[PDB]
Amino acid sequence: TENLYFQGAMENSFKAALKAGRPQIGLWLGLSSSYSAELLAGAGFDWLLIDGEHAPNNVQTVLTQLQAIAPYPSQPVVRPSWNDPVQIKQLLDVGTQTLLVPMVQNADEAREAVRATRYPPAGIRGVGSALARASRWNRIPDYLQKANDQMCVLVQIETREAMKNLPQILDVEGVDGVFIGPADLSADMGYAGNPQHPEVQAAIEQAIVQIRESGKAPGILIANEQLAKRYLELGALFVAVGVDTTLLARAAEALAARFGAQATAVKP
């Protein structure tokens, strides 16, 4: 049963789903806790984004979240704080197989992200650290030969520059998906982070269509359910539909307001 566990441990199920065109519904994890990560792994999402960029996580807290999520069907995706080969290698070492790389502005940057995930001759990943959690400390059979094909690289586009360069980014082998950051894009476009303007929505919708038609997976984070459904209709394949901190804050506020109202009606 150890044998079968390790055989099964290599396959990147999120990647397989993207390649099959199966839309994957996700939740962003900013609570930076292995405890809430496990709780949320039971909620039914296809994927969970462990945010190493804008939540107080580091390689060690990423590791404990991966350990928490492991037995659940929900698949982990990890965002490093930047497109940094050193950060990427440390994340791969602890077992990350799907990366959401921020601030990818052009094809050279996209290529650098891909190369950081692949062993020679395909990239610059060091074979010497294969013995970490990535290969389960040398228990996954034929790990070195199998690893490159199971890496899934998703690049974020969040500026006018990146949109301009989207066709060349799409041409990069090993870019499996392209994620759009709508608030950052809006801000770069002069709309102050409010994506609900025609010019911003036009840019977003056109990019989703272009990514999908290039044979790659479009992604986006959108807390507005109606917009999320629109992006799915346009062929988006990895759509994060909320953020754990927001879900918690908004549910808690709604609860305090409703019951607070009851206390006030009894004791004016």
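The numbering used is simple: start at 1 and walk along the sequence shown.
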| query | finding |
| --- | --- |
| Higher-B stretch (mean Cα B-factor, as the entry records it), 46 to 54 or 223 to 231 | 223 to 231 |
| Stretch with the higher entry mean CA B-factor, where the candidates are 191 to 199 and 81 to 89 | 191 to 199 |
| Relative C-alpha B-factor of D184, binned into the chain's lowest, middle or highest third | highest |
| Chain-wide C-alpha B factor ranking for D171, given as lowest, middle or highest third | highest |
| Position of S34 among the chain's modelled residues by C-alpha B-factor, lowest, middle or highest third | lowest |
| B-factor third for the C-alpha atom of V104 within its chain | lowest |
| Third of chain Cα B-factors occupied by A132 | highest |
